[PDB]
Amino acid sequence: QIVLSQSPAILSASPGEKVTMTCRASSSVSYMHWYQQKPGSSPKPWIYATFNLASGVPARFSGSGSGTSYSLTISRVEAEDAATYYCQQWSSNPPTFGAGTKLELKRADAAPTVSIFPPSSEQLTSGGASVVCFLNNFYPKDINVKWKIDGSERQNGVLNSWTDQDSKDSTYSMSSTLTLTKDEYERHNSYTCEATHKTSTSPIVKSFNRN
Amino acid sequence: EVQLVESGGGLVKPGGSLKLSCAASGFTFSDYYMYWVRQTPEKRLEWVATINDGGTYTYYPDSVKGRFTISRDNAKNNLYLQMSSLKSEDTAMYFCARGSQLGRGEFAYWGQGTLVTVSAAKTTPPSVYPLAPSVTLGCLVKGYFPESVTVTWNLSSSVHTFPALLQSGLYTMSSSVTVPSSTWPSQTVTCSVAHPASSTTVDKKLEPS
Amino acid sequence: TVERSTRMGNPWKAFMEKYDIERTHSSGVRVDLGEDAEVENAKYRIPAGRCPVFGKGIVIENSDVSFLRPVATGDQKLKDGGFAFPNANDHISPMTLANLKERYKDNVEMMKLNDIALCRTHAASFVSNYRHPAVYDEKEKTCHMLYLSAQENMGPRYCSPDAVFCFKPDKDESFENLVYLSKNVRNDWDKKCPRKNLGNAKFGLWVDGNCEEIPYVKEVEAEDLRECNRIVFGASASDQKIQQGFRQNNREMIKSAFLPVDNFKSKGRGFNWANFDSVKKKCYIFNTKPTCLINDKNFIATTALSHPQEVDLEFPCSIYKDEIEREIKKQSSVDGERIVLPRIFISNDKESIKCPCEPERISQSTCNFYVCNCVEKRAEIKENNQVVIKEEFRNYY
């Protein structure tokens, strides 16, 4: 097994910048192929054999190297380049790939559209109760979320899932999901998804009542 | 254009068996080599197997020696992969792939992929719960296993599918959508949630106010 | 079932032995002065090449006279006659090919020889190890014995613009049908020395199971194949007072005219090979013996010894398929046996290679060769075009 070492693992970059990502083999190699992968699709061939760009790829991209050091090079980044990039060799058997380099993109620091929602009408009558909150179109990616029941944070039943970076604008989105039983849902009144982002300082609260 | 379409993935117990299929079209299938490539949950691409033009020589790594068996029905343009003595290390999205006129060991064409989940836990149907209050909406999809499930609505540029998280054995995900606030409930919105592994489809209309 | 061999051979060894010019010629091409011989008393150097030189001849400077005309005798002053034997009677030189078959009619093995061999065998019969070099004109089927063994005389003192006799060897169109012959040109030259140019081919180096390009080469401008075959002959292996003796009809001093007497003989080492590109009109010369052909339709592999025009179009396309299928003589079908495949990653048959990925169909190959790249080679081309075992696999071989 030839061990290909991609570095950096993450590469944030504003639209306009020339940005490069590295790939490093254990034993020597003749040439290195590269692949782009957007989320929810198989990786497409991007550069064939060090230098030669594949069919349909923008000429803004570029590639180079020798022996063990190889390097994909963008001349000017765009929001459509927001993808994970993989280097691969088949100059010694078995063929091997790198871990990956996730190109993120920068943007003007936008705040989310927060919107708390109650549990569904059906979920209650034969099961527990799941209180929900969405945070759509924001940047940067880290965003703290607190679930306060009667001025008291629950913490245990919360699951937190982020989206991939959107290919059009370059924002992120999140869906926080608080979980309870139908009994302990009916023991409390206040339900708030307080969200702490770098845009405000003071948190974006979003509450309801059930009277 | 070149067309690769995988099928026949799902839940399998650790130690059992499964066979895959890969339909081929838009090129003379017998003139090319065919391969198999997998991708882990950690997002690690790994070569699985190689087969030549006439199926006279196959090649495999020592990670799947003896267990795995690549094969091809050139008669009606198909590629397969038998998978004996399965393990949770083999849990991945599986891709068939094709070479090129250039002979440099490249992966020029890839199918969409087919998912093989290998856990001793059993199948479960989903629980489609609607989410009601420009305005945002959504559908919670809790208490299912294995992956995947795919939510489809009815404005998809303002649609976000949150990836699943293993809560406690069963996977839990949500999916949101934004519409003009005037166009609901006057135009009634509906999400639809397929679970191919359990082999069940469910849909729900969000109620107003 | 399909394991790969570790032994690193070459299928081209037999085919390419006639282009190993140091081995098969063993003397210089342009100027050929490889063997020493006594002439009267002192020791002199003369032609010793084991192969014929197709298209070679001596251009005399400031002369309408041919070098194939006789040596200038007595009253013929300024040495402006030529290099061949005096035209005394014509029972030793010149000869028609008809009169060689008439003279040596009764002899069995002389009549079995070819036209070039017959002329030479005859010409190296006249009396020491000194024999006279010959020139066989194929067009006119004539056998010219040369009296003057010399080839170049183009020194700094007596030759630049100003009776003293100047000359050099060259390949012009007037010399193309001639064949320069030492006393040692082997009678089996037809099956051991280069004649024809190899069409659909450039020379290369065997780097573990595939014929690769030579890195270190001299590019020059050549319009046709003739200009490339001329240039390489000028670059090729070279092994480099009298007026009063000449006009007395001296047998021994004229025989050793302009000859050197202390060993800078090439023994066939020099810029002897070239690859001609028909499309680019470039001629790539080099001084390491090639060990294979690359099958490229835009190229013609040529040497300084080769003919300036003739081209064998039939590349040996079966060479790889034959060597793979002979190396399955562990039978002495596949069910009981497994197969140890030899180290050959190029073949006209794709299935025969057993490549780990899709091989490269070479567009430029007339043979329709597939070339398997995705495989760890155990060799490389170091400095001076030296094929060497890689550091990683030094200890096994």
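For every chain, the first residue of the written sequence is numbered 1 and the count continues from 1 onward along that sequence, whatever numbering the entry uses; residues with no coordinates are hidden. Chains carry letters from A onward and ligands carry numbers from 1 onward, assigned in written order. The side-chain quantities take in all heavy atoms of the structure and omit both hydrogens and water. Residues with missing side-chain atoms are left out of burial classes, side-chain pairs and their counts.

A. Looking closely at the overall build of chain A. What counts as a helix is a DSSP run of H or I of at least four residues, what counts as a strand is a run of E of at least two, and both are numbered from the N terminus. Of regular secondary structure, chain A possesses two helices and 18 strands. Each radius of gyration reported is based on C-alpha atoms, and the globular scaling rule is 2.2 Å times the count of residues to the power 0.38. Whereas a compact globule of 211 residues would reach a radius of gyration of roughly 17 Å, chain A reaches 23 Å, over 25% beyond that.

B. Spotlight on the interface of chain C and chain B. Contact definition: two residues touch when any of their heavy atoms are within 4.5 Å. Taken together, the twelve residues of chain C in the interface contact 16 residues of chain B. Note that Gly is not counted as nonpolar here; it falls among the polar residues with everything else outside the nonpolar set of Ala, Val, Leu, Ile, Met, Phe, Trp, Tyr, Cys and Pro and the charged set of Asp, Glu, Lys and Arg. For the side of chain C that touches chain B, the class distribution of residues is five nonpolar, one polar and six charged.

C. Here's a closer look at the sheet that holds strand 12 (residues 113-117) of chain A. All names here are of chain A. On the basis of which strands lie adjacent, the open sheet formed by four strands has the order 12-13-16-15 and antiparallel pairing. The open sheet has two edge strands with one neighbour each: strand 12 and strand 15 (159-162). Direction aside, neighbouring strands of the sheet carry axes that sit 15° apart on average. For two strands to be treated as a pair, DSSP must find no fewer than two bridges joining them. When strand 15 meets strand 16 (residues 172-181), the two strands line up antiparallel, connected through four bridges. For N160, the partnering residue across the bridge sits in strand 16 and is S176. Working convention: axes come from line fits to C-alpha atoms, limited for helices to the stretch in contact. Angles between N-to-C directions cover 0 to 180 degrees.

D. Molecular detail of the pairing of strand 6 (residues 134-137) of chain C. Residues and elements named next belong to chain C. Three exposure classes are used, based on accessible area relative to the maximum for each residue type with a 1.4 Å probe and protein chains only: buried under 20%, partly exposed in between, and exposed over 50%. Side-chain alternation along strand 6 places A134 and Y136 on one buried face and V135 and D137 on a second face that is also buried. Strand direction decides the pairing type here: strand 6 and strand 7 (residues 142-145), joined by four bridges, are antiparallel. Residue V135 lies in a different strand from strand 7, and its bridge partner there is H144. Here strand 6 folds back onto strand 7 in antiparallel fashion, the turn holding four residues, of which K141 has a positive phi close to 45°.

E. Representation of the domain arrangement of chain A. All names here are of chain A. Those domain boundaries reflect an automatic or database domain assignment. In terms of domains, chain A is made up of domain 1 (5-103) and domain 2 (113-208). Taken together, the contact between domain 1 and domain 2 spans eight residues of the former and six residues of the latter. The residue inventory of the side of domain 1 that touches domain 2, partitioned by class, reads four nonpolar, one polar and three charged.

F. How the structure looks around the pattern of salt bridges. Salt bridge, as used here, is a side-chain nitrogen of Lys or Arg placed within 4 Å of a carboxyl oxygen of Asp or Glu. Throughout the structure, instances matching the rule amount to 31 salt bridges over all chains. Put simply, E152(C) and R30(C) hold a salt bridge, and the shortest N to O gap is 3.1 Å. Both residues of the pair, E152(C) and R30(C), count as buried. Among the ionic contacts, a cluster of salt bridges with common partners joins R38(B), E46(B), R67(B) and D90(B).

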